[PDB]
Amino acid sequence: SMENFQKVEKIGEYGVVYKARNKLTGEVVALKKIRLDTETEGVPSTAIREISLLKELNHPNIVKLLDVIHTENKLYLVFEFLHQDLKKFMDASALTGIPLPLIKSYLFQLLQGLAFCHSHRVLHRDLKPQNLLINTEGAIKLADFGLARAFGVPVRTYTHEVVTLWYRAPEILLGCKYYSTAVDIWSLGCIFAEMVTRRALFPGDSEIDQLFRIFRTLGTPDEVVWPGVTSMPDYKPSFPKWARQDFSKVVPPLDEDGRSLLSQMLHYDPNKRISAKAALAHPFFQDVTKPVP
Amino acid sequence: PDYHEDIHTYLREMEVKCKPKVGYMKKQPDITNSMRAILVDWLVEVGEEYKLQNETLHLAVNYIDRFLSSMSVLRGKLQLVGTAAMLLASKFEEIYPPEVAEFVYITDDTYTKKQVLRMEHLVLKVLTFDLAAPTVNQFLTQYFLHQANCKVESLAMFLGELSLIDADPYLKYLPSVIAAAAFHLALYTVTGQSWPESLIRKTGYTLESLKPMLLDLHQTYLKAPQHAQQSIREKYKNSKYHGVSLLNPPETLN
Ligand SMILES: CNc1nc(C)c(-c2nc(Nc3cccc(C(=O)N4CCOCC4)c3)ncc2C#N)s1
């Protein structure tokens with residue numbers, strides 16, 4: 001069981017996370033503890049989904065699950081150990097900024113991880129800087145599958161309470177009946193711009209405020225840019241009419257190719273919104289390299 | 001989109017790995033095929049009372065056949081295995097799953113709450129947490145795109161559901177094959193058409209390759225009104241499924 005592991009320090013808080021060491025081999029790992037409701041509801045559904053789906057995925061850009069240890073009252077998940085998360089890295093680079101080739105490199109690897117997911121019928125539904133990990137070599141990986149789900153062809157109506165507010169998609173805010181892989185693409189779009197401008201793109205503080213921050217920037221949508229928008233369960237004709245503005249002011253450092261890619265990831269119509277597979281071929285990645293942080 | 005070909009290929013790969021033993025019932029000393037039919041028919045009723053998805057039902061049957069391929073069980077504990085499997089399938093697939101106390105209730109005071117909770121943990125260990133399995137239902141929704149008659153769809157899911165009842169002889173066919181026969185048979189009964197060209201190019205299944213499977217299913221349809229199990233027939237009488245269980249089966253198929 002656990003006699004072979006020795007704890008070093010507490011990392012954070014799902015359950016509780018620790019940094020530990022294997023006494024016999026010397027390997028360093030990350031332990032995630034989960035308590036079972038022995039007298040009430042049993043094993044949590046979030047844990048059941050996270051374990052069964054992560055066992056199918058094996059990719060250089062997805063975190064690796066090493067073992068699962070059973071106990072009458074507890075579960076222990078054993079992960080590989082990584083050095084830091086992206087959010088903390090962005091704060092350390094507040095004064096100087098992140099070099100452009102490194103931005104290009106990181107984004108390229110993130111798209112490779114997401115393409116593998118969708119090819120194996122899996123949605124993530126919680127992509128944000130705090131759930132993305134890096135090492136001392138130049139790699140980056142996806143993490144925390146506690147809100148994931150396996151979908152079907154075609155889709156059904158799923159859970160409506162999803163995605164952290166600052167990174168949420170417009171179709172969800174309007175209470176759509178059907179959503180799919182397009183919502184993961186939108187999250188990566190907001191992350192792209194945040195790396196560039198050193199701050200969040202739409203930091204709203206309410207459900208209604210979040211929606212308006214998008215409108216003031218991309219322009220208020222109509223039936224010409226988004227057919228069927230006025231039939232959404234939460235559409236209202238009293239919405240103010242703002243006009244779209246220049247991308248030269250949205251993301252000043254970005255050039256021609258970079259701005260072409262960004263505007264396709266932020267398309268209003270989910271049908272026209274670019275896919276992760278098709279994005280890997282964009283001219284922006286013609287000269288991609290792999291720098292070290 | 002551009003993923004539905006990658007997904008279909010992957011599903012054909014996983015249905016081989018998630019397949020039960022074909023002749024397991026011969027090695028179970030205390031239970032039979034007749035007893036298994038009684039359990040499945042009861043699970044169908046439960047799905048109607050609490051209004052659950054049809055996918056949830058398909059998942060539960062898959063879990064049960066894999067568990068009984070590895071562990072010996074007496075006839076008195078057979079219902080306990082079924083109850084815990086329907087609970088796990090709900091947590092995986094449903095938006096609003098029923099609470100544990102309600103699963104205790106529908107067994108009518110046969111087992112305790114502590115017993116249900118312990119059987120849940122044992123099933124997880126036996127299956128090593130591998131729960132995302134392909135079903136007959138998953139393949140049918142993809143086939144439906146190659147049409148758009150809504151009555152042909154109801155009759156197609158009717159035939160597919162009937163197969164879950166009888167281990168002999170449907171435990172020897174793969175889910176993708178069962179889906180293929182159920183589709184063409186419903187299409188020839190309603191309109192009179194046949195297994196589309198587009199699907200032969202997609203699946204690689206020809207009408208000749210589906211022949212042994214299709215002849216088995218044809219006989220099940222004819223003899224349905226005299227089967228000891230009747231919970232499925234009455235379910236598809238409802239107008240929600242267009243009363244498809246009232247139509248008369250064809251006499252020949254050529
Ligand atoms: C978001 N919840 C998480 N659960 C696990 C198991 C995570 C995880 N964490 C690490 N390593 C990690 C993450 C965050 C902080 C430090 C950390 O201790 N420092 C960072 C700054 O420099 C010194 C101290 C370490 N690795 C893998 C996983 C996974 N899975 S995150």
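Residues numbered from 1 in each chain as written, not as in the entry; some residues may be left out. Chains lettered and ligands numbered in written order. Heavy atoms only, no water. Residues with missing side-chain atoms left out of burial classes, pairs and counts.

If you check the header, you'll see the entry was determined by X-ray crystallography and the resolution is listed as 2.400 Å.

Caption draft 1: Structural detail: the domain arrangement of chain B. All names here are of chain B. The domains assigned to chain B are domain 1 (6-19 + 133-254) and domain 2 (20-132). Of the roughly 2100 Å² buried between domain 1 and domain 2 on both sides combined, carbon and sulfur atoms contribute 57%. On the domain 1 side of the interface with domain 2, the three residues burying the most area are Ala 133, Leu 164 and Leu 171, jointly 29% of the side's total. Inspection of the domain 1/domain 2 interface yields 1 salt bridge. (Domains from an automatic or database assignment. Buried area = accessible area lost by both parts, 1.4 Å probe. Salt bridge = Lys/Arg side-chain N within 4 Å of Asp/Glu carboxyl O.)

Caption draft 2: Examining the domain arrangement of chain A more closely. Residue and element names in this part refer to chain A. What the domain assignment reports for chain A is domain 1 (2-83) and domain 2 (84-293). Computed over C-alpha atoms only, the centres of domain 1 and domain 2 are separated by 29 Å. At the boundary of domain 1 with domain 2, total buried surface from both sides reaches about 2000 Å², with 61% on carbon and sulfur atoms. On the domain 1 side of the contact with domain 2, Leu 53, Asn 61 and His 83 bury the most area, a combined 31% of that side's loss. Our count for the domain 1 to domain 2 interface comes out at 2 salt bridges. With a shortest N-O distance of 3.3 Å, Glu 80 and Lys 141 are connected by a salt bridge. Linking domain 1 with domain 2 are 8 residue pairs in polar contact. (Polar contact = N/O pair within 3.5 Å; in protein donor to acceptor, adjacent residues only side chain to side chain.)

Caption draft 3: Quick peek at the pairing of strand β3 (residues 28-35) of chain A. All names here are of chain A. Where strand β2 (residues 16-22) and β3 come together, 6 bridges link them in antiparallel fashion. Residue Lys 19 lies in a different strand from β3, and its bridge partner there is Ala 30. Count of turn residues in the β2/β3 antiparallel hairpin: 5 residues, of which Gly 26 carries a positive phi of about 100°. Pairing between β3 and strand β5 (residues 74-80): 7 bridges, direction antiparallel. What sits directly across from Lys 33, in β5, is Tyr 76. (Pairing = 2+ DSSP bridges. Helix = DSSP H or I, 4+ residues; strand = E, 2+ residues; numbered from the N terminus.)

Caption draft 4: Broad picture of the UniProt feature "active site" in chain A. Residues and elements named next belong to chain A. Listed under "active site" in the UniProt record, and renumbered for this structure, are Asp 126. Its location among the elements puts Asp 126 in the loop between β7 (122-123) and β8 (132-134). Take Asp 126: its relative accessible area is 8%, and that puts it in the buried class. Excluding anything up to four places from it in sequence, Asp 126 contacts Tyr 14, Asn 131, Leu 147 and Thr 164. (UniProt positions renumbered as here; feature names shortened; annotations may be inferred. Buried < 20%, exposed > 50% of the residue type's maximum accessible area, 1.4 Å probe, protein only. Contact = heavy atoms within 4.5 Å.)

Caption draft 5: Spotlight on the interface of chain A and chain B. Taken together, the contacts link 33 residues of chain A with 29 residues of chain B. Roughly 3000 Å² of surface becomes buried between chain A and chain B when both sides are summed, with 56% attributable to carbon and sulfur atoms. If you look at where chain A meets chain B, you find 4 salt bridges. Two residues, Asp 6 of chain B and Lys 277 of chain A, come together in a salt bridge whose shortest N-O distance is 3.1 Å. The tally of links from chain A across to chain B stands at 14 residue pairs in polar contact. Residue assignment for the side of chain A that touches chain B shows that the elements contributing at least two residues are α1 (45-54), α3 (100-119) and α9 (276-279) of chain A. The element best represented in the side of chain A that touches chain B is α1 of chain A, accounting for 6 residues.

Caption draft 6: Summary view of the sheet that holds β5 of chain A. All names here are of chain A. Strands sit in the order β1-β2-β3-β5-β4 across an open sheet of 5 strands; the sheet is antiparallel. Strands with a single pairing partner mark the edges of an open sheet, and in this sheet they are β1 (5-12) and β4 (65-70). Recorded for the sheet is a direction-independent mean angle of 30° between the axes of neighbouring strands. (Axes fitted to C-alpha atoms, helices over the stretch in contact; angles between N-to-C directions.)

Caption draft 7: The packing of helix α3 (residues 54-67) of chain B against helix α4 (residues 78-93) of chain B, seen in detail. Residue and element names in this part refer to chain B. Two elements in contact, α3 and α4, have axes separated by 8 Å at closest approach and are oriented at 130°. On the basis of their axis angle, the class for α3 and α4 is oblique. For the crossing formed where α3 meets α4, the hand is right-handed. Between α3 and α4, the residues in contact are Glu 55, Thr 56, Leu 59, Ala 60, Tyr 63, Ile 64 and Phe 67 and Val 81, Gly 82, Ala 85, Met 86, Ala 89, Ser 90, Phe 92 and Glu 93, respectively. Class assignment of the residues belonging to the contact of α3 with α4 gives a composition of 10 nonpolar, 3 polar and 2 charged. (Parallel < 35°, antiparallel > 145°, perpendicular 65-115°, else oblique. Left-handed = near helix turned anticlockwise from the far one by under 90°. Nonpolar A, V, L, I, M, F, W, Y, C, P; charged D, E, K, R; others polar.)

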